[PDB]
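Dropping upload.txt in here (compact mmCIF, N, CA and C atoms):
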```
# COMPACT_ATOMS: atom_id res chain seq x y z
N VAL A 417 86.76 -33.22 82.42
CA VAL A 417 87.19 -33.43 83.84
C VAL A 417 87.94 -34.76 83.96
N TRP A 418 88.31 -35.18 85.17
CA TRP A 418 89.02 -36.48 85.35
C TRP A 418 88.01 -37.60 85.64
N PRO A 419 88.31 -38.54 86.56
CA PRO A 419 87.39 -39.62 86.91
C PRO A 419 86.26 -39.09 87.80
N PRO A 420 85.11 -39.78 87.93
CA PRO A 420 84.00 -39.28 88.75
C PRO A 420 84.42 -39.09 90.21
N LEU A 421 85.16 -40.04 90.78
CA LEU A 421 85.65 -39.89 92.18
C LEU A 421 87.18 -40.00 92.16
N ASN A 422 87.89 -38.93 92.49
CA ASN A 422 89.38 -38.99 92.48
C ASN A 422 89.97 -38.46 93.79
N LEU A 423 89.15 -38.04 94.75
CA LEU A 423 89.74 -37.45 95.98
C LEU A 423 89.17 -38.07 97.26
N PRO A 424 89.52 -39.33 97.61
CA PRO A 424 89.09 -39.93 98.86
C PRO A 424 90.33 -39.91 99.76
N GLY A 425 90.25 -39.22 100.90
CA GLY A 425 91.42 -39.14 101.80
C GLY A 425 91.61 -37.75 102.38
N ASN A 426 92.81 -37.48 102.90
CA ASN A 426 93.15 -36.17 103.54
C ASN A 426 93.69 -35.18 102.51
N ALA A 427 94.10 -34.00 103.00
CA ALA A 427 94.66 -32.84 102.27
C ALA A 427 93.67 -32.16 101.31
N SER A 428 93.15 -30.99 101.70
CA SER A 428 92.26 -30.24 100.83
C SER A 428 92.96 -29.77 99.56
N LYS A 429 94.27 -30.02 99.43
CA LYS A 429 94.98 -29.57 98.23
C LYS A 429 94.69 -30.49 97.05
N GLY A 430 94.72 -31.80 97.27
CA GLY A 430 94.22 -32.71 96.26
C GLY A 430 92.76 -32.45 95.95
N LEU A 431 91.98 -32.10 96.98
CA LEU A 431 90.59 -31.74 96.76
C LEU A 431 90.47 -30.49 95.90
N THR A 432 91.41 -29.56 96.06
CA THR A 432 91.45 -28.38 95.20
C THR A 432 91.74 -28.79 93.77
N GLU A 433 92.76 -29.61 93.57
CA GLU A 433 93.06 -30.14 92.25
C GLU A 433 91.83 -30.77 91.62
N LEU A 434 91.04 -31.48 92.42
CA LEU A 434 89.85 -32.16 91.90
C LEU A 434 88.77 -31.16 91.51
N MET A 435 88.27 -30.40 92.49
CA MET A 435 87.15 -29.50 92.23
C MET A 435 87.50 -28.44 91.20
N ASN A 436 88.78 -28.14 91.03
CA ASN A 436 89.21 -27.14 90.06
C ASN A 436 89.48 -27.73 88.69
N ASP A 437 89.64 -29.05 88.60
CA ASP A 437 89.92 -29.74 87.33
C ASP A 437 91.20 -29.21 86.69
N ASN A 438 92.29 -29.32 87.43
CA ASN A 438 93.60 -29.01 86.86
C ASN A 438 94.04 -30.16 85.98
N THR A 439 94.35 -29.84 84.72
CA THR A 439 94.73 -30.87 83.77
C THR A 439 96.04 -31.56 84.11
N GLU A 440 96.76 -31.08 85.12
CA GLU A 440 98.08 -31.59 85.43
C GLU A 440 98.17 -31.93 86.90
N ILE A 441 98.92 -32.99 87.20
CA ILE A 441 99.31 -33.33 88.57
C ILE A 441 100.80 -33.61 88.52
N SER A 442 101.60 -32.64 88.95
CA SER A 442 103.05 -32.75 88.83
C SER A 442 103.57 -33.95 89.60
N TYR A 443 104.52 -34.66 88.99
CA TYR A 443 105.21 -35.74 89.70
C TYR A 443 105.82 -35.23 90.99
N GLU A 444 106.46 -34.06 90.93
CA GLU A 444 107.01 -33.46 92.14
C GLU A 444 105.94 -33.33 93.21
N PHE A 445 104.73 -32.93 92.82
CA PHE A 445 103.65 -32.82 93.79
C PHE A 445 103.26 -34.19 94.32
N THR A 446 102.77 -35.07 93.43
CA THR A 446 102.20 -36.33 93.88
C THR A 446 103.21 -37.20 94.61
N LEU A 447 104.51 -36.92 94.48
CA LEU A 447 105.47 -37.59 95.34
C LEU A 447 105.22 -37.26 96.80
N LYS A 448 104.71 -36.07 97.09
CA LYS A 448 104.55 -35.59 98.45
C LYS A 448 103.27 -36.06 99.12
N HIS A 449 102.64 -37.13 98.64
CA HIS A 449 101.39 -37.58 99.23
C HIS A 449 101.25 -39.09 99.10
N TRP A 450 100.21 -39.62 99.75
CA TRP A 450 99.85 -41.02 99.65
C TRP A 450 98.41 -41.13 99.19
N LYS A 451 98.11 -42.25 98.53
CA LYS A 451 96.77 -42.57 98.04
C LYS A 451 96.17 -41.38 97.31
N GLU A 452 96.85 -40.97 96.24
CA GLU A 452 96.42 -39.81 95.48
C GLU A 452 94.98 -39.96 95.01
N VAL A 453 94.49 -41.19 94.91
CA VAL A 453 93.08 -41.47 94.68
C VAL A 453 92.85 -42.91 95.07
N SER A 454 91.61 -43.27 95.33
CA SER A 454 91.27 -44.66 95.61
C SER A 454 90.08 -45.04 94.74
N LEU A 455 90.34 -45.35 93.48
CA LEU A 455 89.27 -45.74 92.58
C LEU A 455 88.88 -47.18 92.85
N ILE A 456 88.49 -47.49 94.08
CA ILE A 456 88.19 -48.85 94.49
C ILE A 456 86.82 -48.89 95.16
N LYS A 457 85.94 -49.74 94.64
CA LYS A 457 84.61 -49.95 95.19
C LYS A 457 84.19 -51.38 94.86
N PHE A 458 82.88 -51.65 94.97
CA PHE A 458 82.29 -52.89 94.47
C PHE A 458 80.94 -52.66 93.80
N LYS A 459 80.73 -51.53 93.14
CA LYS A 459 79.40 -51.19 92.64
C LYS A 459 79.30 -51.22 91.13
N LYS A 460 80.08 -50.42 90.42
CA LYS A 460 79.78 -50.09 89.03
C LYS A 460 81.06 -50.02 88.21
N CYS A 461 80.92 -49.61 86.95
CA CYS A 461 82.02 -49.52 86.01
C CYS A 461 82.22 -48.07 85.57
N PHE A 462 83.47 -47.71 85.30
CA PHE A 462 83.81 -46.36 84.87
C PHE A 462 84.41 -46.39 83.47
N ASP A 463 84.12 -45.33 82.72
CA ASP A 463 84.88 -44.88 81.55
C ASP A 463 85.24 -45.99 80.56
N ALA A 464 84.45 -47.05 80.48
CA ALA A 464 84.76 -48.10 79.52
C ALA A 464 83.57 -49.03 79.35
N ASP A 465 83.69 -49.94 78.39
CA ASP A 465 82.75 -51.02 78.17
C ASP A 465 83.47 -52.12 77.40
N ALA A 466 82.84 -53.29 77.34
CA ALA A 466 83.47 -54.47 76.76
C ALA A 466 82.58 -55.09 75.69
N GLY A 467 83.13 -56.07 74.98
CA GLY A 467 82.39 -56.80 73.96
C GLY A 467 82.57 -56.28 72.55
N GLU A 468 83.82 -56.12 72.11
CA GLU A 468 84.11 -55.50 70.83
C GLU A 468 85.31 -56.19 70.20
N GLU A 469 85.81 -55.60 69.11
CA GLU A 469 87.02 -56.04 68.43
C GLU A 469 86.96 -57.52 68.06
N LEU A 470 86.08 -57.87 67.12
CA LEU A 470 85.87 -59.26 66.77
C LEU A 470 87.12 -59.93 66.21
N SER A 471 88.24 -59.22 66.14
CA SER A 471 89.46 -59.81 65.61
C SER A 471 89.97 -60.94 66.49
N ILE A 472 90.19 -60.66 67.77
CA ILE A 472 91.06 -61.51 68.60
C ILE A 472 90.59 -62.95 68.60
N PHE A 473 89.30 -63.19 68.88
CA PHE A 473 88.83 -64.56 68.97
C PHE A 473 89.00 -65.29 67.65
N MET A 474 89.15 -64.55 66.55
CA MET A 474 89.36 -65.18 65.26
C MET A 474 90.81 -65.58 65.10
N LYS A 475 91.63 -65.28 66.10
CA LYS A 475 93.02 -65.70 66.10
C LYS A 475 93.22 -66.75 67.18
N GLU B 237 85.23 -12.42 131.33
CA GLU B 237 85.63 -12.14 129.95
C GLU B 237 87.01 -12.69 129.65
N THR B 238 87.96 -12.51 130.57
CA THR B 238 89.31 -13.01 130.36
C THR B 238 89.31 -14.53 130.25
N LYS B 239 88.53 -15.20 131.10
CA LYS B 239 88.54 -16.66 131.11
C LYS B 239 87.81 -17.24 129.91
N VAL B 240 86.74 -16.60 129.45
CA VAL B 240 86.06 -17.07 128.25
C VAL B 240 86.94 -16.87 127.02
N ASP B 241 87.68 -15.76 126.97
CA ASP B 241 88.62 -15.55 125.88
C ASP B 241 89.68 -16.65 125.87
N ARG B 242 90.12 -17.09 127.05
CA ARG B 242 91.07 -18.19 127.13
C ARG B 242 90.47 -19.46 126.55
N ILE B 243 89.25 -19.80 126.95
CA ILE B 243 88.58 -20.98 126.40
C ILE B 243 88.48 -20.88 124.89
N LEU B 244 88.06 -19.72 124.39
CA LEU B 244 87.87 -19.53 122.96
C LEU B 244 89.17 -19.73 122.19
N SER B 245 90.30 -19.37 122.79
CA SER B 245 91.58 -19.51 122.10
C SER B 245 91.95 -20.98 121.93
N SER B 246 91.67 -21.81 122.93
CA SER B 246 92.00 -23.23 122.83
C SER B 246 91.19 -23.94 121.76
N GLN B 247 90.10 -23.33 121.29
CA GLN B 247 89.34 -23.93 120.20
C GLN B 247 90.18 -24.12 118.95
N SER B 248 91.38 -23.55 118.89
CA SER B 248 92.29 -23.81 117.78
C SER B 248 92.81 -25.24 117.83
N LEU B 249 93.03 -25.78 119.04
CA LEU B 249 93.47 -27.16 119.16
C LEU B 249 92.44 -28.12 118.57
N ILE B 250 91.16 -27.82 118.74
CA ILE B 250 90.12 -28.74 118.31
C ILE B 250 90.20 -29.00 116.81
N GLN B 251 90.33 -27.94 116.01
CA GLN B 251 90.39 -28.16 114.57
C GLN B 251 91.73 -28.75 114.13
N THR B 252 92.81 -28.44 114.86
CA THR B 252 94.08 -29.13 114.60
C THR B 252 93.93 -30.63 114.82
N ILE B 253 93.35 -31.02 115.96
CA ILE B 253 92.97 -32.41 116.19
C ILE B 253 92.11 -32.90 115.04
N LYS B 254 91.19 -32.05 114.57
CA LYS B 254 90.30 -32.41 113.47
C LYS B 254 91.09 -32.78 112.22
N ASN B 255 92.02 -31.92 111.81
CA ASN B 255 92.77 -32.18 110.59
C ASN B 255 93.63 -33.43 110.73
N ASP B 256 94.37 -33.53 111.84
CA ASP B 256 95.23 -34.70 112.03
C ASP B 256 94.43 -35.99 111.96
N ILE B 257 93.24 -36.02 112.58
CA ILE B 257 92.43 -37.23 112.56
C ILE B 257 92.04 -37.59 111.14
N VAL B 258 91.80 -36.59 110.29
CA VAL B 258 91.55 -36.86 108.87
C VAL B 258 92.72 -37.63 108.27
N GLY B 259 93.95 -37.20 108.57
CA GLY B 259 95.11 -37.93 108.07
C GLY B 259 95.21 -39.32 108.66
N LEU B 260 94.91 -39.46 109.96
CA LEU B 260 94.94 -40.78 110.58
C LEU B 260 93.92 -41.70 109.92
N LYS B 261 92.78 -41.16 109.50
CA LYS B 261 91.77 -41.96 108.84
C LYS B 261 92.28 -42.49 107.51
N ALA B 262 92.86 -41.61 106.70
CA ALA B 262 93.37 -42.02 105.39
C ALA B 262 94.55 -42.97 105.55
N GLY B 263 95.50 -42.61 106.41
CA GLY B 263 96.63 -43.48 106.65
C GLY B 263 96.23 -44.87 107.10
N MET B 264 95.14 -44.98 107.86
CA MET B 264 94.73 -46.29 108.35
C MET B 264 94.09 -47.12 107.25
N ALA B 265 93.31 -46.47 106.38
CA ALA B 265 92.82 -47.14 105.19
C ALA B 265 93.98 -47.75 104.39
N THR B 266 95.10 -47.03 104.31
CA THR B 266 96.28 -47.55 103.65
C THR B 266 96.76 -48.84 104.31
N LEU B 267 96.91 -48.83 105.64
CA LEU B 267 97.38 -50.01 106.34
C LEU B 267 96.42 -51.18 106.17
N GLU B 268 95.12 -50.86 106.20
CA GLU B 268 94.02 -51.85 106.05
C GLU B 268 94.13 -52.50 104.66
N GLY B 269 94.55 -51.72 103.66
CA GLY B 269 94.69 -52.23 102.28
C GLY B 269 95.71 -53.36 102.22
N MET B 270 96.82 -53.21 102.95
CA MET B 270 97.89 -54.25 103.00
C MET B 270 97.25 -55.61 103.31
```
Turn this file's structure into structure tokens for me.
Amino acid sequence: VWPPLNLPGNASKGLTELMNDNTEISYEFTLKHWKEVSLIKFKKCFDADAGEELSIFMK
Amino acid sequence: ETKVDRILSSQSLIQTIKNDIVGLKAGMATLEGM
């Protein structure tokens, strides 16, 4: 699937894209809307973690 | 019966108002972001 929350806003069509998990969002489509998602909060972290790749600090 | 049918028909405006307000909500979040 995509991100945990990707459909905050209007138009049930983006909501369709979300609940249906369409692997594609056409540029032609997403041009016709605003705020295609709002991955903005103040709570937690998504899809990543830190504290790796011991190379860089050695440079 | 005729008058209640008239009232029932205008209930279409309510959900139109409903949808538009959803857009006004999202659009305003956009302005608030600025």
Pull out every residue of chain A sitting within 7 Å of chain B, counting all atoms listed in the file, and send them as number ranges by chain. A: 424-427
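Rounded to one decimal, atom CA of residue A:454 and atom C of residue A:422 lie 6.6 Å from each other.
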When you draw a straight line from atom CA of residue B:253 to atom CA of residue A:448, how long is it in Å? 21.4 Å
Between atom CA of residue B:251 and atom N of residue B:237, distance in Å (one decimal):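 Taking atom CA of residue B:251 and atom N of residue B:237, their separation equals 23.6 Å.
For the choices A:468, A:437, A:444, A:452, the atom-to-atom distance to residue A:417 is smallest for A:437 when using all atoms listed in the file.
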Enclose stretch 252-264 of chain B, meaning all of its atoms listed in the file, in a box aligned along x, y and z, pad it by 5 Å on each side, and list the centre and edge lengths in Å to one decimal, as AutoDock Vina command-line options.
```
--center_x 93.5 --center_y -37.8 --center_z 110.8 --size_x 16.3 --size_y 28.7 --size_z 20.8
```
